[PDB]
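In: With the input below, show me the fold.
(8 chains, ligands or ions: 5)
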Amino acid sequence: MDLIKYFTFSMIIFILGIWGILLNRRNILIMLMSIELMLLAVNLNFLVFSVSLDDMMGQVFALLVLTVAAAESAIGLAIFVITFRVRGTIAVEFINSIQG
Amino acid sequence: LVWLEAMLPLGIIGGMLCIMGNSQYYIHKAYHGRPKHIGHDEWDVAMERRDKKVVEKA
Amino acid sequence: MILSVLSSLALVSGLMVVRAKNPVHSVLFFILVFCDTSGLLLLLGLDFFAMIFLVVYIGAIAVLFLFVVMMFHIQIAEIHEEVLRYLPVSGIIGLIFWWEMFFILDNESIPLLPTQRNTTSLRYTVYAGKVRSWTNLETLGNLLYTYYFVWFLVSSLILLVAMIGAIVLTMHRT
Amino acid sequence: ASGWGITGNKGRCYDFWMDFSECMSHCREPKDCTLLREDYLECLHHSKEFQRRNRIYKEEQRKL
Amino acid sequence: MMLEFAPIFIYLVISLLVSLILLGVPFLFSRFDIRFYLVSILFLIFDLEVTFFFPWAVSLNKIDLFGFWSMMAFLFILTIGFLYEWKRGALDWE
Amino acid sequence: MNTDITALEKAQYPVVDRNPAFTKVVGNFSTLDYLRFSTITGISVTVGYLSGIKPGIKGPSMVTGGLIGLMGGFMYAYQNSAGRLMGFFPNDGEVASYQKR
Amino acid sequence: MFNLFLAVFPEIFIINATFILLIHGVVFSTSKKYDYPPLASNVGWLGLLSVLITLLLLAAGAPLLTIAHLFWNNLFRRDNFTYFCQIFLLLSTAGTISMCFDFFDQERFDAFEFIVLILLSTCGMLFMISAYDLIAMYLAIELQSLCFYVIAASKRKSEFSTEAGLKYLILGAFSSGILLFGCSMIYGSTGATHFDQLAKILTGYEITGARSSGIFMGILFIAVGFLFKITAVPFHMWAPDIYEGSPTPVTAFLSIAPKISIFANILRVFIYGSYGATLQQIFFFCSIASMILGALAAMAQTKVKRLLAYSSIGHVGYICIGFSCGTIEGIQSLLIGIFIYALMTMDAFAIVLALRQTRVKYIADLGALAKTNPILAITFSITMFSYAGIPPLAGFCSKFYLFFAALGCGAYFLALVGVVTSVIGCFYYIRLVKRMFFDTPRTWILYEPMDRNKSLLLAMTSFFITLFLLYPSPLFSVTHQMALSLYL
Amino acid sequence: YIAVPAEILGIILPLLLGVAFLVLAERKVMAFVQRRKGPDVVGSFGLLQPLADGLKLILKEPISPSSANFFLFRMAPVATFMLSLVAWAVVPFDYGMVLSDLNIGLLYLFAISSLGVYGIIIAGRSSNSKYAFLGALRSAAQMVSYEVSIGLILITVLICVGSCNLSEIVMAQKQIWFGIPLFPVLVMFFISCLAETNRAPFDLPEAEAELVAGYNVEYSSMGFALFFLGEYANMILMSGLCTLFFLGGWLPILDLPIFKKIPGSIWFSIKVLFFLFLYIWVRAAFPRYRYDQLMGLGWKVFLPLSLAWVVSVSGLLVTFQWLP
Ligand SMILES: C[C@@H]1CC[C@@]2(OC1)O[C@H]1C[C@H]3[C@@H]4CC=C5C[C@@H](OCCC(CO[C@H]6O[C@H](CO)[C@@H](O[C@H]7O[C@H](CO)[C@@H](O)[C@H](O)[C@H]7O)[C@H](O)[C@H]6O)CO[C@H]6O[C@H](CO)[C@@H](O[C@H]7O[C@H](CO)[C@@H](O)[C@H](O)[C@H]7O)[C@H](O)[C@H]6O)CC[C@]5(C)[C@H]4CC[C@]3(C)[C@H]1[C@@H]2C
Ligand SMILES: C[C@@H]1CC[C@@]2(OC1)O[C@H]1C[C@H]3[C@@H]4CC=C5C[C@@H](OCCC(CO[C@H]6O[C@H](CO)[C@@H](O[C@H]7O[C@H](CO)[C@@H](O)[C@H](O)[C@H]7O)[C@H](O)[C@H]6O)CO[C@H]6O[C@H](CO)[C@@H](O[C@H]7O[C@H](CO)[C@@H](O)[C@H](O)[C@H]7O)[C@H](O)[C@H]6O)CC[C@]5(C)[C@H]4CC[C@]3(C)[C@H]1[C@@H]2C
Ligand SMILES: CCCCCCCCCCCCCCCCCC(=O)O[C@@H](COC(=O)CCCCCCCCCCCCCCC)COP(=O)(O)OCC[N+](C)(C)C
Ligand SMILES: CCCCCCCCCCCCCCCCCC(=O)O[C@@H](COC(=O)CCCCCCCCCCCCCCC)COP(=O)(O)OC[C@H](O)CO
Ligand SMILES: CCCCCCCCCCCCCCCCCCCC(=O)O[C@H](COC(=O)CCCCCCCCCCCCCC)COP(=O)(O)OCCN
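Out: Residues are numbered from 1 along each chain as shown, chains lettered A, B, ... in the order given. Ligands and ions are numbered 1, 2, ... in the order given. The protein structure is shown below:
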């Protein structure tokens, strides 16, 4: 039962990220945090499979995905900062001017 | 020679460090029968598990 | 059982990430999730990844999130909303994902039911692979820089983009 | 399929992989390599092994 | 082997208990500064640099010249980024 | 590091040297290789000069353009010379020099 | 050892040149002596030069790109298909850069880092085209995506640009996570990430009753990421907002190059791999949805940029019809449609960039253009009629294959939808012609004449659009060649 | 495993005593430099002063200001104290004298160091005081800045050793102590340790007289004591790490029978004591940098030099094939 238990752990993390997207319509910072949660779940999926399959490819890609997660968070938080600086607020009603 | 006053707390610190080493070393030795071996790898663990059988079943 | 404990801690901490009213609290719970993940990694024997998750996710990424969220001083009125009216939409979407995606491995990876017999004696030991065991660290390092070096360098390019973008978007030189 | 094992030796399922690949490299119909393919996938997931052992456990629970 | 991590967990539990005892016995008797974000970004980058250094450092005996120069190229890219940050004033706190 | 120069598409001309050394490839540079090299470098220097006038850095811009052109032109000449020695490009001169030395 | 790297000479050169330009720009932009000169145009010219030299290196070394293929096999795969894809990508990047100089100097966008980020994204897309493993594909996609996130937010004091960036980063990161999940499921189910290994494992079985749900959902999630990238409905709504809110040169660049790169990826993953009818049905349903929604939403638009965004969504629906029918002619038609759509989009955005010097925003702002600039109004009218697919303009090729694929595969509902959406598209395209030629507004907007770069690019693309179907043989042959090279 | 808690206590309790007496030793040495006596009334030669101060602290009423972060405010000192304690699980005092013989011990120490910042950050934010928050932000930035140089120096040692095992790092110095060829690296490491522990000349939280409030200004009773104890335990740990990496840990100065008579734990202790004395001496000798100056030093001086030493050591060892 080990492999099903390790996989459902990562799976609950992924579903939690999805739920965080669904439940945070006024809070886009938490939406970013939910996306990181999904990325963490995928990283865990690669590591578990590497062990289960006795193969190193899952481990190389896990490290590279960590690099991508870091760069993603850096750029995303920069964009958050400049949006806040322009508006003085992070409320979603001030980032809805592009439409139609 | 008054400066020797300052060497007492430092000596106490050094003795404390010696205790943190030696007390944990002797407790482990008493419990396991031999001192801790640095670098216990898969081979050593397999050796100990097989040696349990080779001893007890003799 | 131990995986039940760690998964329960991760479940609760993740719910706290997505449901805490204060975003600083969300960042702190996120840190608890990464600690639990590191515990799982230690169970898998991947101590390098277990430590790196602490160093990078908690030591660098979460610190960045905490610095940014703390200086924002978000008022709850700007991000508050009642979530009782989402229970149905989360129920279908969660259930469908639950029914499909927690059980996707079941048909391919059928679990071994633990029997009332000692199967431990059927574990076969090959001592040949135990003469010179490799750490997780050296197994990874045998591959990153020679056989898959191009992907390594592309990741470096990704980090360079991050540095440039951080400067160009936020810098206001005094 | 890569062959790099997590402990620094040949991966567990790599010889099965290579037999399957070598078969498919000259058999114009993949149905001729079905047996080797299912051997590779059995090495990855142990599905039939665990199913058979669960049958044994089931019969034990039925006769008790 | 992961055996050596168990004493660390028991050590953590004991240290936590000592902390609670010490802390609990006395109960008986709006100015955003971007430079912090920037230093966080720089720390993130060099944190990943150290991360990638670790396997390389333990693997130098096996990867030989090819691994050395591949890591050198990695460092060259990251150091060009560092030079960019230096010139732009990201390293000045005045 | 195990290496294998073997290409997917085989050479259509006689193979004078399967994996020519760097210095051998450079010494194999012909007059046409030098013409390509010099043309690419000169165009690059010209672009650097002309694009540098408005910012006021025409000299340094010439140097930057010239560095880009030098590297690109050398890479192009090396590409041609190595491809000729390997039989991927028409290599009458290489074959003639090979059948004699 | 050195000769092994002949397979990556183009990429080495462009990366090194990008580093040189980064150093040049940062050293002289900070120079008090030179009074902090703007270097966006200087670096732009040097980077256009670098792109052209990269194109020369790649085009002239066709066989050498396949050298040492066994050594490079676990990193990438270069062939005839990647050859032509990468040439077309470099040509598009060069054109987009050439269209940026008036924007640099008249707006005074002085940031040279814009050019560096464009060049790094071009490096990423080059590696995307040659990717032959899920890991390499993901890494190259992420490099490209991060560069776009940064450049979409380049007007960092603008509400519109910051909004675009924020929406892009959030939705892009979400879709990337979904795709990575799919990749993890496929690896866990097959033990492989290399495209050759995946082809061997998946071929001959598709859904033979005992189907790997892990393999089936990994494919689905990867397809969702791909569809987000090509702005296919229902994963499209990021595209109109990002296209409108980004700086117009960014919008022009995003409209062309990523499509080339990601379709290269889609061909080599799906077409070269094997789950099968399920995935062609995915692209079938998304094509129909994209055509319908693009037509209707474009009909609703009053602004030029949003109209072009929705037009591109509809056209990717038309293109994906070719991927769906799963034949050599389908692939060829998809490639022909990408080439022609790219040249038409380049023409349209050259006009838009020319008009942005007087801040064109609304379709009604084009009023009386046939009076204030007759040859410009005609040129823009040719582009619109080509977008509408009126023969014998180049745009007629996509309409012709849309109906060619429906009638033969038996798809009468698709033909119905194509007829309706083509008529709707023609209406909202000729509305622009009516605005420039038929209307008599009380207030006119007089536009500043375009620069030489855009006039030359417009002149060449306008001859191509009018005259392509007189001599279409080279495109037809080159695209048949590429379609065949995917499997042989 | 039943005897493991005894070993853990035999580590933790003498460490707490050692910290209590490190405070006294700092006071004594500082006084003697200043031509005064320092504590010499409370107990003979002032040796009972730490017990009296600790007793006073436990008998002090806690304040717990009316903040909205009631839990976080008390948990921050617990976090920093526990992190200071747990690094000692992998520290070897002699051959075989170590609680956890981690193969990944070097990276584990780096991880603990990286975790140390959260106690300070949370104390600053939770205290509901703009001065504490600003001071905590500055201190956190300084620690993360010098962590980069610490990590790169760690990599230099790792290149020399080829293993993350601390005991292996010690035994790799049997031929020569790493502090001899890498002496500038050792100087860099000691300075970075000063900055990482918020110690003079880098002690921003001690600069109240400079209008720079510390992160722990709102703390009283045992939360403040926990912060103080964690800081001094970290000073002892940094001295121990300097000893392990560059002075050959428990090894004798010379491989001779006369030196091999005295136990390795005593060698290790003496080297640690030298480094603690240098901590105190430096605090006694110099004024402090401003925040901006020390940040400039962290990013502009120590990072480039650490990276250069990484490159030079690796290149030299690869060239002549002297790698482990
Ligand atoms: C202010 C206050 C003041 C007061 C106070 O507090 C502060 O002040 C404080 C100051 C404290 C003292 C500080 C220090 C010691 C020394 C310790 O005693 C030596 C430690 C024991 C083990 O450690 C050694 O051994 C290691 C391994 O070799 C050495 O490693 C080598 O090798 C490494 C690898 O190559 C290299 O890397 C290293 O460099 C290299 O050195 C390591 O260095 C060395 O330490 C001594 O072992 C022996 O005992 C064994 C017993 O079994 C006997 O075994 C024999 O019998 C077996 C059975 O037949 C046979 O099987 C065996 O073959 C056969 O040998 C035998 O006699 C002999 O081995 C006894 C405790 C005491 C007095 C402390 C008492 C408490 C205090 C007074 C505190 C006090 C409270
Ligand atoms: C620096 C900062 C500070 C913070 C921090 O870092 C950062 O600090 C860091 C410090 C970290 C902790 C460090 C350490 C641990 C311990 C670990 O826990 C070990 C658990 C493993 C080891 O457990 C046993 O392992 C061996 C047995 O396996 C025992 O060996 C015997 O057996 C040998 C064989 O006969 C003999 O040969 C030997 O002679 C004989 O002795 C050995 O004694 C014993 O240890 C795994 O075990 C389980 O796994 C099994 C498989 O799944 C499960 O089996 C079950 O399922 C099967 C079907 O699947 C059924 O068939 C079975 O019937 C059915 O039972 C079952 O649940 C259970 O066994 C859990 C994680 C944790 C807490 C970490 C958390 C995170 C931190 C706090 C980090 C934290 C983040
Ligand atoms: C049959 C095709 C299918 C249907 C589509 C038709 C699309 C067009 C719609 C037809 C309705 C009427 C269209 C009226 C357009 C004719 C008027 C026109 O375009 O004249 C242009 C002429 O536009 C051109 O410049 C067209 C040039 C295209 C060149 C194509 C010829 C290629 C070979 C010729 C070689 C050179 C000339 C040889 C002899 C000297 C004048 O432009 P202005 O804006 O008025 O002024 C220009 C400025 N200045 C005069 C000072 C220079
Ligand atoms: C802060 C420091 C900056 C340093 C910047 C200078 C160095 C940057 C790296 C430049 C590339 C290498 C330049 C050094 C020339 C000497 C190379 C050499 O000595 O040849 C060796 C081979 O060296 C190499 O081939 C490694 C080249 C490193 C890769 C650099 C990347 C170049 C382009 C890669 C294209 C991929 C796309 C890039 C993605 C961004 C011979 O080794 P061997 O064949 O005998 O055996 C192999 C080995 O010993 C066993 O594993
Ligand atoms: C196929 C259908 C039929 C096509 C017809 C083919 C005929 C060939 C074309 C013949 C061209 C006729 C004119 C030649 C003489 C003009 C020479 C240009 C003068 C020049 O140096 O221009 C500079 C600007 O560069 C420029 O203006 C050059 C850049 C122009 C953009 C085009 C190239 C961009 C890169 C490739 C794009 C590919 C896209 C395809 C996907 C400086 O101008 P100035 O001195 O007036 O000062 C402008 C203010 N700064």
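In: Only C-alpha atoms from now on, for both contacts and neighbour counts.
Out: Noted.
In: Apart from its chain neighbours, what residue comes closest to the closest residue to chain B within chain C?
Out: Per CA to the nearest CA, residue C:130 is where chain C lies closest to chain B, at 5.3 Å. Once flanking residues are discounted, residue C:130 sits nearest to residue B:43: 5.3 Å by CA to CA, 6 or more residues apart in numbering or on different chains.
In: thought that neighbour was touching residue C:125?
Out: No. Between residue B:43 and residue C:125 there is no contact, the gap being 10.8 Å when judged by CA atoms under 8 Å.
In: Looking at the two, which is more packed in?
Out: Between residue B:43 and residue C:125, residue B:43 has the larger neighbour count (other CA atoms under 10 Å in any protein chain shown), namely 16 against 9.
In: helix/strand/coil for the more buried one?
Out: helix (DSSP: H, G, I helix; E, B strand; the rest coil).
In: That one and residue H:1, how far apart?
Out: Note on residue B:43: its distance to residue H:1, by CA to CA, to the nearest Å, is 21 Å.
In: For chain E, which residues are neighbours of chain G?
Out: Within chain E, the positions near chain G by CA under 8 Å from any CA of the partner chain are E:80, E:84, E:87-88.
In: if I pick the residue nearest to residue C:130, what's in contact with it?
Out: C:127, C:130-131 (CA atoms under 8 Å, 6 or more residues apart in numbering or on different chains).
In: measure it to residue F:1 for me?
Out: Distance from residue B:43 to residue F:1, by CA to CA: 30 Å.
In: and if you look at residue H:289?
Out: Residue H:289 is 50 Å from residue F:1, by CA to CA.
In: out of those two, which sits in the more crowded spot?
Out: A direct count of neighbours by other CA under 10 Å for residue H:289 and residue F:1 places residue H:289 higher, at 15 against 11.
In: Name the SS class of the more buried one, please.
Out: Assignment for residue H:289 (three-state DSSP): coil.
In: ranges for the helices of the chain?
Out: If you meant another chain, say so; for now it's chain A. A:2-23, A:28-52, A:57-87 (DSSP state H).
In: oops, I was thinking of chain D
Out: Applying DSSP H to chain D gives helices spanning D:14-24, D:34-45, D:47-62.
In: do chain E as well
Out: Going by DSSP H, chain E shows helices at E:5-24, E:34-88.
In: Could you identify which of those helices is most buried?
Out: Using mean count of other CA atoms under 10 Å in any protein chain shown, the stretch among the helices of chain E with the largest mean neighbour count is helix E:34-88, at a mean of 21.
In: coming back round to it: out of the contacts of residue B:43, name the ones that lie in helices.
Out: Per DSSP H, the contacts of residue B:43 never map to helices.
In: Which single residue of chain D ends up nearest chain A?
Out: For chain D, CA to the nearest CA, closest residue to chain A: residue D:5, 4.9 Å.
In: If you drop the residues flanking it in sequence, what lies closest to that residue?
Out: Counting by CA to CA, 6+ apart, residue D:11 is the residue found nearest to residue D:5 once chain neighbours are left out, at 4.1 Å.
In: Would you mind measuring from the one you found to chain B?
Out: Taking CA to the nearest CA, to the nearest Å as the measure, residue D:11 falls 18 Å from chain B.
In: what number of residues lie near that residue?
Out: Other residues close to residue D:11 by other CA under 10 Å number 19.
In: And for the residue lying closest to residue G:369 once chain neighbours are set aside, the neighbour number?
Out: The shortest distance from residue G:369 to any non-neighbouring residue, by CA to CA, 6+ apart, is to residue G:436 (4.9 Å). Per other CA under 10 Å, the neighbour tally for residue G:436 reads 27.
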